[PDB]
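**Q** Sharing model_2.pdb, PDB, N, CA and C atoms:
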```pdb
MODEL        1
ATOM      1  N   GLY A   1       0.497  -5.261  11.978
ATOM      2  CA  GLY A   1       0.937  -4.110  11.134
ATOM      3  C   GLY A   1       1.946  -4.553  10.086
ATOM      4  N   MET A   2       1.581  -4.308   8.844
ATOM      5  CA  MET A   2       2.520  -4.455   7.765
ATOM      6  C   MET A   2       2.811  -3.070   7.190
ATOM      7  N   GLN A   3       4.014  -2.932   6.660
ATOM      8  CA  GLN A   3       4.439  -1.655   6.118
ATOM      9  C   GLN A   3       5.170  -1.856   4.780
ATOM     10  N   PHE A   4       4.908  -0.977   3.815
ATOM     11  CA  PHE A   4       5.604  -0.986   2.548
ATOM     12  C   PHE A   4       6.240   0.377   2.268
ATOM     13  N   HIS A   5       7.290   0.346   1.459
ATOM     14  CA  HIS A   5       7.734   1.523   0.744
ATOM     15  C   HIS A   5       7.347   1.387  -0.719
ATOM     16  N   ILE A   6       6.780   2.456  -1.266
ATOM     17  CA  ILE A   6       6.248   2.451  -2.600
ATOM     18  C   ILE A   6       6.881   3.577  -3.384
ATOM     19  N   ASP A   7       7.923   3.239  -4.130
ATOM     20  CA  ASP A   7       8.708   4.258  -4.812
ATOM     21  C   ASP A   7       7.912   5.088  -5.780
ATOM     22  N   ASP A   8       6.929   4.469  -6.437
ATOM     23  CA  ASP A   8       6.075   5.154  -7.404
ATOM     24  C   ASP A   8       4.988   6.045  -6.813
ATOM     25  N   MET A   9       4.834   5.992  -5.494
ATOM     26  CA  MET A   9       3.761   6.735  -4.824
ATOM     27  C   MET A   9       4.247   8.138  -4.493
ATOM     28  N   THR A  10       4.258   9.002  -5.495
ATOM     29  CA  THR A  10       5.110  10.189  -5.406
ATOM     30  C   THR A  10       4.325  11.451  -5.122
ATOM     31  N   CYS A  11       3.012  11.300  -5.037
ATOM     32  CA  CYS A  11       2.157  12.426  -4.678
ATOM     33  C   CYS A  11       0.911  11.957  -3.940
ATOM     34  N   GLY A  12       0.141  12.924  -3.454
ATOM     35  CA  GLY A  12      -1.196  12.636  -2.939
ATOM     36  C   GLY A  12      -2.076  11.761  -3.824
ATOM     37  N   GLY A  13      -2.177  12.067  -5.104
ATOM     38  CA  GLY A  13      -3.016  11.278  -6.013
ATOM     39  C   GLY A  13      -2.661   9.799  -6.273
ATOM     40  N   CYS A  14      -1.357   9.515  -6.273
ATOM     41  CA  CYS A  14      -0.889   8.129  -6.314
ATOM     42  C   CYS A  14      -1.328   7.417  -5.045
ATOM     43  N   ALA A  15      -1.130   8.114  -3.926
ATOM     44  CA  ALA A  15      -1.562   7.682  -2.582
ATOM     45  C   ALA A  15      -3.040   7.286  -2.554
ATOM     46  N   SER A  16      -3.896   8.079  -3.196
ATOM     47  CA  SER A  16      -5.316   7.725  -3.298
ATOM     48  C   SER A  16      -5.548   6.430  -4.011
ATOM     49  N   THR A  17      -4.771   6.229  -5.070
ATOM     50  CA  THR A  17      -4.906   5.034  -5.855
ATOM     51  C   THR A  17      -4.462   3.807  -5.058
ATOM     52  N   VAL A  18      -3.374   3.996  -4.308
ATOM     53  CA  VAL A  18      -2.876   2.957  -3.408
ATOM     54  C   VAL A  18      -3.926   2.625  -2.355
ATOM     55  N   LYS A  19      -4.440   3.659  -1.697
ATOM     56  CA  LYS A  19      -5.428   3.455  -0.653
ATOM     57  C   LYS A  19      -6.703   2.830  -1.163
ATOM     58  N   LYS A  20      -7.234   3.306  -2.302
ATOM     59  CA  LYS A  20      -8.450   2.705  -2.834
ATOM     60  C   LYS A  20      -8.251   1.270  -3.295
ATOM     61  N   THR A  21      -7.084   0.990  -3.864
ATOM     62  CA  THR A  21      -6.743  -0.377  -4.232
ATOM     63  C   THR A  21      -6.868  -1.323  -3.032
ATOM     64  N   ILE A  22      -6.213  -0.945  -1.946
ATOM     65  CA  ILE A  22      -6.229  -1.803  -0.772
ATOM     66  C   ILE A  22      -7.652  -1.949  -0.222
ATOM     67  N   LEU A  23      -8.394  -0.845  -0.155
ATOM     68  CA  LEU A  23      -9.748  -0.882   0.413
ATOM     69  C   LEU A  23     -10.722  -1.673  -0.423
ATOM     70  N   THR A  24     -10.504  -1.706  -1.732
ATOM     71  CA  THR A  24     -11.317  -2.532  -2.594
ATOM     72  C   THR A  24     -11.020  -4.018  -2.388
ATOM     73  N   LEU A  25      -9.757  -4.355  -2.129
ATOM     74  CA  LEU A  25      -9.382  -5.721  -1.785
ATOM     75  C   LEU A  25      -9.933  -6.169  -0.429
ATOM     76  N   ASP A  26      -9.880  -5.287   0.579
ATOM     77  CA  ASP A  26     -10.319  -5.585   1.946
ATOM     78  C   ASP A  26     -10.965  -4.320   2.547
ATOM     79  N   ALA A  27     -12.291  -4.273   2.499
ATOM     80  CA  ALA A  27     -13.047  -3.100   2.992
ATOM     81  C   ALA A  27     -12.844  -2.845   4.481
ATOM     82  N   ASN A  28     -12.422  -3.870   5.211
ATOM     83  CA  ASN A  28     -12.081  -3.721   6.626
ATOM     84  C   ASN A  28     -10.651  -3.311   6.938
ATOM     85  N   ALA A  29      -9.842  -3.069   5.906
ATOM     86  CA  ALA A  29      -8.459  -2.692   6.104
ATOM     87  C   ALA A  29      -8.361  -1.263   6.628
ATOM     88  N   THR A  30      -7.296  -0.985   7.372
ATOM     89  CA  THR A  30      -6.876   0.367   7.751
ATOM     90  C   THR A  30      -5.640   0.654   6.918
ATOM     91  N   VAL A  31      -5.597   1.814   6.278
ATOM     92  CA  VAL A  31      -4.411   2.149   5.467
ATOM     93  C   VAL A  31      -3.983   3.582   5.745
ATOM     94  N   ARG A  32      -2.686   3.770   5.960
ATOM     95  CA  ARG A  32      -2.111   5.096   6.132
ATOM     96  C   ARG A  32      -1.093   5.237   5.001
ATOM     97  N   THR A  33      -1.065   6.380   4.341
ATOM     98  CA  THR A  33      -0.022   6.664   3.342
ATOM     99  C   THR A  33       0.610   8.010   3.626
ATOM    100  N   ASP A  34       1.921   8.095   3.394
ATOM    101  CA  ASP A  34       2.634   9.349   3.583
ATOM    102  C   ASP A  34       3.449   9.631   2.339
ATOM    103  N   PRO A  35       3.071  10.701   1.636
ATOM    104  CA  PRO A  35       3.747  11.001   0.390
ATOM    105  C   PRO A  35       5.183  11.446   0.613
ATOM    106  N   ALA A  36       5.463  12.005   1.790
ATOM    107  CA  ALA A  36       6.822  12.498   2.099
ATOM    108  C   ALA A  36       7.832  11.346   2.227
ATOM    109  N   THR A  37       7.373  10.204   2.728
ATOM    110  CA  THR A  37       8.241   9.078   2.931
ATOM    111  C   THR A  37       7.955   7.923   1.982
ATOM    112  N   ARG A  38       6.852   8.039   1.251
ATOM    113  CA  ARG A  38       6.388   6.973   0.362
ATOM    114  C   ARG A  38       6.114   5.679   1.137
ATOM    115  N   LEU A  39       5.782   5.807   2.411
ATOM    116  CA  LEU A  39       5.522   4.664   3.253
ATOM    117  C   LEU A  39       4.019   4.463   3.369
ATOM    118  N   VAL A  40       3.617   3.188   3.402
ATOM    119  CA  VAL A  40       2.234   2.783   3.499
ATOM    120  C   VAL A  40       2.095   1.755   4.622
ATOM    121  N   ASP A  41       1.210   2.059   5.569
ATOM    122  CA  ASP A  41       0.972   1.160   6.690
ATOM    123  C   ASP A  41      -0.395   0.549   6.484
ATOM    124  N   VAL A  42      -0.466  -0.766   6.674
ATOM    125  CA  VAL A  42      -1.700  -1.508   6.463
ATOM    126  C   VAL A  42      -2.028  -2.451   7.631
ATOM    127  N   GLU A  43      -3.269  -2.402   8.054
ATOM    128  CA  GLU A  43      -3.817  -3.411   8.922
ATOM    129  C   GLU A  43      -4.871  -4.190   8.170
ATOM    130  N   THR A  44      -4.665  -5.485   8.091
ATOM    131  CA  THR A  44      -5.488  -6.318   7.250
ATOM    132  C   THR A  44      -5.286  -7.767   7.700
ATOM    133  N   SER A  45      -6.315  -8.569   7.487
ATOM    134  CA  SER A  45      -6.266 -10.003   7.769
ATOM    135  C   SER A  45      -5.561 -10.712   6.615
ATOM    136  N   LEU A  46      -5.476 -10.048   5.463
ATOM    137  CA  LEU A  46      -4.761 -10.582   4.290
ATOM    138  C   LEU A  46      -3.263 -10.548   4.469
ATOM    139  N   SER A  47      -2.599 -11.333   3.617
ATOM    140  CA  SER A  47      -1.173 -11.425   3.718
ATOM    141  C   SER A  47      -0.519 -10.216   3.052
ATOM    142  N   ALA A  48       0.747  -9.996   3.415
ATOM    143  CA  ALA A  48       1.553  -8.957   2.795
ATOM    144  C   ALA A  48       1.676  -9.229   1.295
ATOM    145  N   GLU A  49       1.774 -10.503   0.925
ATOM    146  CA  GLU A  49       1.900 -10.872  -0.496
ATOM    147  C   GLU A  49       0.646 -10.583  -1.309
ATOM    148  N   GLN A  50      -0.511 -10.845  -0.725
ATOM    149  CA  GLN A  50      -1.782 -10.510  -1.369
ATOM    150  C   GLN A  50      -1.940  -9.004  -1.549
ATOM    151  N   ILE A  51      -1.584  -8.237  -0.519
ATOM    152  CA  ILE A  51      -1.623  -6.790  -0.625
ATOM    153  C   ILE A  51      -0.651  -6.304  -1.711
ATOM    154  N   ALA A  52       0.579  -6.779  -1.640
ATOM    155  CA  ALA A  52       1.590  -6.388  -2.607
ATOM    156  C   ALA A  52       1.200  -6.769  -4.035
ATOM    157  N   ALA A  53       0.663  -7.977  -4.193
ATOM    158  CA  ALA A  53       0.219  -8.443  -5.524
ATOM    159  C   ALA A  53      -0.795  -7.472  -6.145
ATOM    160  N   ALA A  54      -1.718  -6.979  -5.330
ATOM    161  CA  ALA A  54      -2.735  -6.024  -5.785
ATOM    162  C   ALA A  54      -2.089  -4.677  -6.136
ATOM    163  N   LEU A  55      -1.178  -4.231  -5.282
ATOM    164  CA  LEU A  55      -0.496  -2.947  -5.482
ATOM    165  C   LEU A  55       0.349  -3.015  -6.746
ATOM    166  N   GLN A  56       1.000  -4.159  -6.993
ATOM    167  CA  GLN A  56       1.795  -4.344  -8.212
ATOM    168  C   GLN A  56       0.919  -4.235  -9.450
ATOM    169  N   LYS A  57      -0.228  -4.900  -9.412
ATOM    170  CA  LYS A  57      -1.127  -4.934 -10.565
ATOM    171  C   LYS A  57      -1.658  -3.543 -10.922
ATOM    172  N   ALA A  58      -1.758  -2.694  -9.910
ATOM    173  CA  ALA A  58      -2.153  -1.287  -9.999
ATOM    174  C   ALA A  58      -1.036  -0.338 -10.432
ATOM    175  N   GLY A  59       0.156  -0.879 -10.692
ATOM    176  CA  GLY A  59       1.327  -0.084 -11.029
ATOM    177  C   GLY A  59       2.110   0.544  -9.879
ATOM    178  N   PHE A  60       1.951   0.016  -8.655
ATOM    179  CA  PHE A  60       2.611   0.575  -7.470
ATOM    180  C   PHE A  60       3.323  -0.575  -6.779
ATOM    181  N   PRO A  61       4.318  -1.167  -7.450
ATOM    182  CA  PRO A  61       5.101  -2.250  -6.840
ATOM    183  C   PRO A  61       5.779  -1.804  -5.528
ATOM    184  N   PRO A  62       5.461  -2.464  -4.411
ATOM    185  CA  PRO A  62       5.996  -2.089  -3.090
ATOM    186  C   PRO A  62       7.146  -2.943  -2.631
ATOM    187  N   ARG A  63       7.883  -2.460  -1.641
ATOM    188  CA  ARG A  63       8.829  -3.307  -0.913
ATOM    189  C   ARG A  63       8.410  -3.341   0.556
ATOM    190  N   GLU A  64       8.197  -4.551   1.078
ATOM    191  CA  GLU A  64       7.781  -4.748   2.455
ATOM    192  C   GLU A  64       8.934  -4.350   3.387
ATOM    193  N   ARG A  65       8.557  -3.703   4.494
ATOM    194  CA  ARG A  65       9.498  -3.227   5.525
ATOM    195  C   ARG A  65       9.318  -3.938   6.862
TER     196      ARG A  65
ENDMDL
END
```
Can you present the structure in this file as structure tokens?
**A**
Amino acid sequence: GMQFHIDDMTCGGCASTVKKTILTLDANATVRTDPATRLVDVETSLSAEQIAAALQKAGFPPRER
């Protein structure tokens, strides 16, 4: 389990973009997003840096928790 806080993920629709970004990178990933806390939980064989790099490129720079 890796977890990020995503300050820019400020609504449901940003959350969709975050989730689709991750799923396009790794179709086997599990992703949970919570707009109330701006927290994103990911299960993936990829590294936290690879996930973050993708999220950054999408305009949702995260901080790993």
**Q** For the file shown, what are the residues hit by the PyMOL selection byres ((chain A and resi 55-62) around 8), laid out as a PyMOL selection string?
**A** chain A and resi 3-9+17-18+21-22+49-54+63-65
**Q** Output the residue selection produced by the PyMOL selection byres ((chain A and resi 33-44) around 6.5) on the file above, formatted as a PDB file with N, CA and C atoms, in the coordinates of the input.
**A**
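New file selection-v5.pdb:
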```
ATOM      1  N   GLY A   1       0.497  -5.261  11.978  1.00  0.00           N
ATOM      2  CA  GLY A   1       0.937  -4.110  11.134  1.00  0.00           C
ATOM      3  C   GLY A   1       1.946  -4.553  10.086  1.00  0.00           C
ATOM      4  N   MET A   2       1.581  -4.308   8.844  1.00  0.00           N
ATOM      5  CA  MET A   2       2.520  -4.455   7.765  1.00  0.00           C
ATOM      6  C   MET A   2       2.811  -3.070   7.190  1.00  0.00           C
ATOM      7  N   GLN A   3       4.014  -2.932   6.660  1.00  0.00           N
ATOM      8  CA  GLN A   3       4.439  -1.655   6.118  1.00  0.00           C
ATOM      9  C   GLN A   3       5.170  -1.856   4.780  1.00  0.00           C
ATOM     10  N   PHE A   4       4.908  -0.977   3.815  1.00  0.00           N
ATOM     11  CA  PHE A   4       5.604  -0.986   2.548  1.00  0.00           C
ATOM     12  C   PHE A   4       6.240   0.377   2.268  1.00  0.00           C
ATOM     13  N   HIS A   5       7.290   0.346   1.459  1.00  0.00           N
ATOM     14  CA  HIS A   5       7.734   1.523   0.744  1.00  0.00           C
ATOM     15  C   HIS A   5       7.347   1.387  -0.719  1.00  0.00           C
ATOM     16  N   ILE A   6       6.780   2.456  -1.266  1.00  0.00           N
ATOM     17  CA  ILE A   6       6.248   2.451  -2.600  1.00  0.00           C
ATOM     18  C   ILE A   6       6.881   3.577  -3.384  1.00  0.00           C
ATOM     19  N   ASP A   7       7.923   3.239  -4.130  1.00  0.00           N
ATOM     20  CA  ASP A   7       8.708   4.258  -4.812  1.00  0.00           C
ATOM     21  C   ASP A   7       7.912   5.088  -5.780  1.00  0.00           C
ATOM     22  N   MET A   9       4.834   5.992  -5.494  1.00  0.00           N
ATOM     23  CA  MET A   9       3.761   6.735  -4.824  1.00  0.00           C
ATOM     24  C   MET A   9       4.247   8.138  -4.493  1.00  0.00           C
ATOM     25  N   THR A  10       4.258   9.002  -5.495  1.00  0.00           N
ATOM     26  CA  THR A  10       5.110  10.189  -5.406  1.00  0.00           C
ATOM     27  C   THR A  10       4.325  11.451  -5.122  1.00  0.00           C
ATOM     28  N   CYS A  11       3.012  11.300  -5.037  1.00  0.00           N
ATOM     29  CA  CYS A  11       2.157  12.426  -4.678  1.00  0.00           C
ATOM     30  C   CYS A  11       0.911  11.957  -3.940  1.00  0.00           C
ATOM     31  N   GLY A  12       0.141  12.924  -3.454  1.00  0.00           N
ATOM     32  CA  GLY A  12      -1.196  12.636  -2.939  1.00  0.00           C
ATOM     33  C   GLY A  12      -2.076  11.761  -3.824  1.00  0.00           C
ATOM     34  N   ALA A  15      -1.130   8.114  -3.926  1.00  0.00           N
ATOM     35  CA  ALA A  15      -1.562   7.682  -2.582  1.00  0.00           C
ATOM     36  C   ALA A  15      -3.040   7.286  -2.554  1.00  0.00           C
ATOM     37  N   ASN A  28     -12.422  -3.870   5.211  1.00  0.00           N
ATOM     38  CA  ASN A  28     -12.081  -3.721   6.626  1.00  0.00           C
ATOM     39  C   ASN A  28     -10.651  -3.311   6.938  1.00  0.00           C
ATOM     40  N   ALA A  29      -9.842  -3.069   5.906  1.00  0.00           N
ATOM     41  CA  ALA A  29      -8.459  -2.692   6.104  1.00  0.00           C
ATOM     42  C   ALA A  29      -8.361  -1.263   6.628  1.00  0.00           C
ATOM     43  N   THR A  30      -7.296  -0.985   7.372  1.00  0.00           N
ATOM     44  CA  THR A  30      -6.876   0.367   7.751  1.00  0.00           C
ATOM     45  C   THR A  30      -5.640   0.654   6.918  1.00  0.00           C
ATOM     46  N   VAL A  31      -5.597   1.814   6.278  1.00  0.00           N
ATOM     47  CA  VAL A  31      -4.411   2.149   5.467  1.00  0.00           C
ATOM     48  C   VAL A  31      -3.983   3.582   5.745  1.00  0.00           C
ATOM     49  N   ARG A  32      -2.686   3.770   5.960  1.00  0.00           N
ATOM     50  CA  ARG A  32      -2.111   5.096   6.132  1.00  0.00           C
ATOM     51  C   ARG A  32      -1.093   5.237   5.001  1.00  0.00           C
ATOM     52  N   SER A  45      -6.315  -8.569   7.487  1.00  0.00           N
ATOM     53  CA  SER A  45      -6.266 -10.003   7.769  1.00  0.00           C
ATOM     54  C   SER A  45      -5.561 -10.712   6.615  1.00  0.00           C
ATOM     55  N   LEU A  46      -5.476 -10.048   5.463  1.00  0.00           N
ATOM     56  CA  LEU A  46      -4.761 -10.582   4.290  1.00  0.00           C
ATOM     57  C   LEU A  46      -3.263 -10.548   4.469  1.00  0.00           C
ATOM     58  N   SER A  47      -2.599 -11.333   3.617  1.00  0.00           N
ATOM     59  CA  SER A  47      -1.173 -11.425   3.718  1.00  0.00           C
ATOM     60  C   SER A  47      -0.519 -10.216   3.052  1.00  0.00           C
TER      61      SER A  47
END
```
**Q** Mind giving me the straight-line distance from atom C of residue 26 (chain A) to CA of residue 13 (chain A) in Å, one decimal?
**A**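 Answer for the atom C of residue 26 (chain A) to CA of residue 13 (chain A) separation: 19.5 Å.
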